[PDB]
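K.L.:
Before we start, here is the structure in question, set down as structure tokens.
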């Protein structure tokens, strides 16, 4: 399945990502250092750009 | 003749209608959330 | 009342496994029974109208 | 969709022809000096791999168009098609039954008093041929998508036919290529008869040696007394001159004509004997020519069928042309390899009663045949496996079976070639089934 | 130029879901532009040659 994510700040492909929340839609950003990431970028995603998370 | 050619030659945009369709969420572009070929028409439909 | 559908993007790569996919139409029905049932009575007495 | 493509892509220019012309002080390039547009014939001389866009010369907004659509057809054939021996629709297996000559007995009457009704079975050999190749070819023609590729209905219909011509030109090629595959199969199985030559490209002495060994070989294959020396089943048989075929490549024909058959006054005395069939080549290392009968190819047809279906969601057709056919080799034919490389001394050991069925407790005589290309001794070492209970073969091919033998035997005749540090073996195997008996107690003295 | 193609092994099992799949034709092409534009020039006086 998949769901809509709103990105958060300049996602780069192949980088480790982590989720958060704000206004509504789950926000995606690069995972913080020294922890467990949630998702891997498959493509570059702009700061406030909506996209899909392919679960 | 004419190697380096883009379709956006000579165009300054007010916004991106490609991003306005994917990021609609009912913000007046909800009528274009169907139309499976909306990107292909919006790319070359200006000539 | 049959109703409209959505379009699907032409793709020969997705059509290869979906030749026989089903898509049920959008039909809505409505039903209308006889309601009014009445009569209009008028008596005409001829031979007195004459 | 192809933004930056130049005309020079796989071009591996030995020189610049334009710098050869304009910097020609004097050479053969001087004749291309007064050509007005030599530099434009130099650019688009070979055609272009990727069509760019050309603007018009007079009004530069107009796009110069394509004015002609040439659609190249090709009609490939199979040269080995004449070796195909029919077609069968029903059944799968083919059974070649071959009767062989026997060994005479010395006349004695005193031995003949008891051995009258004692029978001797014929030396009948049997080879089986199944269905091997079972294939289909697949071609799609997206009709409505290719209407962008064409602006003329006569051209469009001719291109669609060229795809359908390309399916039949595929089934022709594989049928050529499977029938070469049998020859390179049968060579690597060690089943040809190798006659060692030198490479005929190397010398007109080595060429003239080749035609002498060729005409010697083809004459030996057709003798009335027959020969065991030229089969893989090693049976006494003969061939005919109308049956022989020769499968040389196109190299040997050119050195045959120019060097040998030219200066010869009588072409009937140096020509290759029998029918000569020219192919491109064999994929073995060292194998140059092959001399077979037409019986050596049992190539029959079981099925040829093209079947179509149309996809409605994706708007295309599919062309399933089915080829099912038997591609087998009869091991009863004379069949000669002409190998120019270094070969092993022994290529095959043949234990000619391959199928045997000995009664439990009964005897059996086995007879090993050796294909010696060094023409040397190569003593047969006998062996019996799989029935390791009490009994096995002698040293000269006599199978002994114990009374408790209950397992299908395998009888091995092995020629030890190679060096002492690493022997390599050439093995001949035959199977023995044990049909049991009765009327015996479990103990004796 | 339309080129030749490959063999697939017959398999009735895998032919149950792999109907309607796609196999592309092998097709190559070439494009030849107009190279030569030539132009020849001779004059005749026709009266001074008399």
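Residue numbers (this note's numbering), protein chains in the order written: chain A, 1 to 55; chain B, 1001 to 1047; chain C, 2001 to 2050; chain D, 3001 to 3445; chain E, 4001 to 4050.
Note that beta-carbon positions come from the ideal geometry of N, C-alpha and C, so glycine has one too.
(1) Going along the chain, which residues of the stretch 4013-4047 of chain E sit with their C-beta nearer than 7 Å to a C-beta in chain C?
(2) Excluding the 5 residues preceding and the 5 following residue 3362 of chain D in the sequence, name in chain order all residues of the same chain whose CB lies nearer than 8 Å to its CB.
(3) Please go through the same chain and pick out, in chain order, the residues whose beta-carbon is closer than 7 Å to the beta-carbon of residue 3424 of chain D, but skip the five residues on each side of it.
(4) Do we get a CB-CB distance below 8 Å when we pair residue 1023 of chain B with the residues of chain A?
(5) So, helix, strand or coil for residue 3084 of chain D, using DSSP?
(6) For residue 3316 of chain D, would you say it is in contact with chain C, using Cβ-to-Cβ distances shorter than 8 Å as the test?
(7) Taking the alpha-carbon of residue 3 of chain A as reference, which of A/21, A/15, A/25 has the nearest alpha-carbon?
(8) How would you list, in chain order, the residues of chain D whose beta-carbon sits under 9 Å from the beta-carbon of residue 1001 of chain B?
(9) Report the residue from D/3302, D/3100, D/3359, D/3351 whose alpha carbon sits nearest the alpha carbon of residue 3133 of chain D.
(10) For the candidate residues D/3009, D/3178, D/3021, D/3027, whose alpha-carbon lies nearest to that of residue 3084 of chain D?
(11) Against chain E, with Cβ distances strictly below 8 Å, would residue 3169 of chain D count as a contact?
(12) Cβ atoms of residue 49 of chain A and residue 13 of chain A: under 8 Å apart, would you say?
(13) Could you list which residues in chain D have their beta carbon closer than 8 Å to that of residue 4008 of chain E, in chain order?
(14) Using DSSP's beta-bridge definition, name the partner residues of residue 3423 of chain D.
(15) Can you tell me where the alpha helix (DSSP H) holding residue 3172 of chain D begins and where it ends?
(16) So the candidates are E/4003, E/4015, E/4002; which of them puts its Cα closest to the Cα of residue 3322 of chain D?
(17) Check residue 3244 of chain D in the structure and name its three-state DSSP category.
(18) Could you confirm whether any beta carbon from chain E is found closer than 8 Å to the beta carbon of residue 3403 of chain D?
(19) So what does residue 3126 of chain D bridge to, in DSSP terms?
(20) Which stretch, first to last residue, makes up the alpha helix (DSSP H) that contains residue 3210 of chain D?
(21) Quick check: what's the CA-CA separation for residue 3415 of chain D versus residue 3337 of chain D?
(22) Label residue 3079 of chain D either buried or exposed according to how many other C-beta atoms from any shown protein chain fall within 10 Å of its C-beta, with 16 as the threshold for buried.
(23) Within the present structure, is the beta-carbon of residue 3153 of chain D separated from the nearest heavy atom of the ligand PLP by less than 7 Å?
(24) Apart from the five residues just before and just after residue 3372 of chain D, which ones in its own chain have a Cβ nearer than 8 Å to its Cβ?
(25) What do you reckon, are the CB atoms on residue 3193 of chain D and residue 3230 of chain D nearer than 8 Å?
(26) Going along the chain, which residues of its own chain have a beta-carbon closer than 7 Å to the beta-carbon of residue 3240 of chain D, five neighbours each way excluded?
(27) Please compile the residues from chain B whose C-beta is within a distance smaller than 7 Å of the C-beta of residue 50 of chain A.
(28) Between which residues of its own chain and residue 3198 of chain D is the CB-CB distance below 7 Å, once the five residues before and five after are set aside?
(29) Can you tell me which residues form a DSSP beta bridge with residue 45 of chain A?
(30) Starting from the Cα of residue 3390 of chain D, find the closest Cα among D/3382, D/3380, D/3407 and give me that residue.
(31) Looking at the strands, I want to know which residues DSSP matches up with residue 3133 of chain D.
(32) Take residue 1038 of chain B and list the residues in its own chain whose beta-carbon comes closer than 6 Å to its own, dropping the five residues that flank it on each side.
(33) Just how far apart, CA to CA, sit residue 3439 of chain D and residue 3405 of chain D?
(34) Using 10 angstroms around the beta-carbon of residue 2004 of chain C, count the other beta-carbons present and answer buried if the total reaches 16, otherwise exposed.
P.N.:
Based on what the coordinates show:
(1) If the cut-off is 7 Å between Cβ atoms, the stretch 4013-4047 of chain E has 4020, 4021, 4022 near chain C.
(2) Reading the fourth chain from its first residue, position 362 is the one you call residue 3362 of chain D. These residues qualify, in order along the chain: 3401.
(3) By 1-based counting over the fourth chain, the position of residue 3424 of chain D is 424. Closer than 7 Å at the Cβ level, and outside the excluded window around residue 3424 of chain D, lie 3417, 3418.
(4) Position 23 of the second chain, counting from 1, holds the residue named residue 1023 of chain B. Residue-level contact by beta carbon holds for residue 1023 of chain B and chain A, with a gap shorter than 8 Å.
(5) Here residue 3084 of chain D refers to the residue found at position 84 when the fourth chain is read from its first residue. Here residue 3084 of chain D carries a strand assignment [DSSP, helix/strand/coil].
(6) In the fourth chain, residue 3316 of chain D corresponds to position 316, counting from 1. It does: the Cβ of residue 3316 of chain D has a partner Cβ on chain C nearer than 8 Å.
(7) The residue you call residue 3 of chain A lines up with position 3 of the first chain. Residue 3 of chain A has its Cα closest to that of A/25, out of A/21, A/15, A/25.
(8) Taking the second chain and counting its residues from 1, one reaches residue 1001 of chain B at position 1. Scanning chain D for C-beta atoms nearer than 9 Å to the C-beta of residue 1001 of chain B yields 3052, 3053, 3054, 3055, 3060, reported in chain order.
(9) The sequence position of residue 3133 of chain D within the fourth chain is 133, counting from 1. Ranked by how close their Cα comes to the Cα of residue 3133 of chain D, the residues D/3302, D/3100, D/3359, D/3351 have D/3302 in first place.
(10) By one-based count along the fourth chain, residue 3084 of chain D stands at place 84. Checked all of D/3009, D/3178, D/3021, D/3027; the closest Cα to residue 3084 of chain D is D/3178.
(11) Residue mapping note: residue 3169 of chain D aligns to position 169 of the fourth chain, counting from 1. At least one chain E Cβ lies under 8 Å of residue 3169 of chain D.
(12) For this step, residue 13 of chain A is matched to residue 13 along the first chain. For this step, residue 49 of chain A is matched to residue 49 along the first chain. Residue 49 of chain A is positioned such that its CB atom lies no closer than 8 Å to that of residue 13 of chain A.
(13) Locating residue 4008 of chain E in the fifth chain gives position 8, where the first residue counts as 1. Around residue 4008 of chain E, the beta-carbon contacts reaching into chain D at under 8 Å are 3135, 3136, 3137, 3138.
(14) Taking the first residue of the fourth chain as position 1, residue 3423 of chain D is located at position 423. Answer is D/3418.
(15) For the purposes of this step, residue 3172 of chain D is taken as the residue at position 172 of the fourth chain. 3153-3188 is the span of the alpha helix (DSSP H), which, as asked, contains residue 3172 of chain D.
(16) Translated into positions along the fourth chain, residue 3322 of chain D becomes position 322. Ranked by Cα distance from residue 3322 of chain D, the options E/4003, E/4015, E/4002 are led by E/4015.
(17) Here residue 3244 of chain D corresponds to residue number 244 of the fourth chain, with the count starting at 1. In this structure, residue 3244 of chain D counts as coil in the three-state DSSP scheme.
(18) Walking along the fourth chain from the start, residue 3403 of chain D turns up at place 403. In terms of beta-carbon proximity, residue 3403 of chain D stays away from the interface with chain E, with every pair separated by 8 Å or more.
(19) Along the fourth chain, one-based indexing puts residue 3126 of chain D at 126. Partner residues in the beta bridge of residue 3126 of chain D, as assigned by DSSP, are D/3097.
(20) The sequence position of residue 3210 of chain D within the fourth chain is 210, counting from 1. Taken as a continuous stretch (DSSP letters only), the alpha helix (DSSP H) holding residue 3210 of chain D covers 3204-3221.
(21) Mapped onto the fourth chain, residue 3415 of chain D falls at position 415. Mapped onto the fourth chain, residue 3337 of chain D falls at position 337. Rounded to the nearest angstrom, the two C-alpha atoms are 21 Å apart.
(22) Along the fourth chain, read from residue 1 onward, the residue named residue 3079 of chain D stands at position 79. That one is exposed.
(23) Looking for the ligand PLP in the displayed structure turns up nothing, as the structure carries no ligands at all.
(24) If you number the fourth chain from 1, residue 3372 of chain D lands on position 372. Excluding sequence neighbours, residue 3372 of chain D sits near 3345, 3346, 3378.
(25) In the fourth chain, counting from the first residue as 1, residue 3193 of chain D sits at position 193. In the fourth chain, counting from the first residue as 1, residue 3230 of chain D sits at position 230. In this structure, residue 3230 of chain D lies closer than 8 Å to residue 3193 of chain D by Cβ.
(26) As a working mapping, residue 3240 of chain D is identified with position 240 in the fourth chain. Annotation for residue 3240 of chain D: 3222 place their beta carbon closer than 7 Å to its own, counting only its chain and skipping 5 residues before and after.
(27) As a position in the first chain, residue 50 of chain A is number 50, starting the count at 1. What residue 50 of chain A touches in chain B: 1022, 1023.
(28) On the fourth chain, residue 3198 of chain D is found 198 positions in, with the first residue counted as 1. Hits under 7 Å: 3206, 3209, 3340.
(29) Here residue 45 of chain A corresponds to residue number 45 of the first chain, with the count starting at 1. DSSP lists A/11 as partners of residue 45 of chain A.
(30) If you number the fourth chain from 1, residue 3390 of chain D lands on position 390. Taking only the C-alpha atoms, the option nearest residue 3390 of chain D is D/3407.
(31) Counted from its first residue, the fourth chain places residue 3133 of chain D at position 133. DSSP output for residue 3133 of chain D lists D/3325 as bridge partner(s).
(32) Residue numbering aside, residue 1038 of chain B sits at position 38 when the second chain is read from its first letter. Within the same chain, residue 1038 of chain B has close Cβ partners 1021, 1032.
(33) Here residue 3439 of chain D is taken as the residue at index 439 of the fourth chain, counted from 1. Here residue 3405 of chain D is taken as the residue at index 405 of the fourth chain, counted from 1. Rounded to whole angstroms, residue 3439 of chain D to residue 3405 of chain D spans 15 Å at the Cα level.
(34) Position 4 of the third chain, counted from the first residue, corresponds to residue 2004 of chain C. Per the 10 Å Cβ criterion, exposed.
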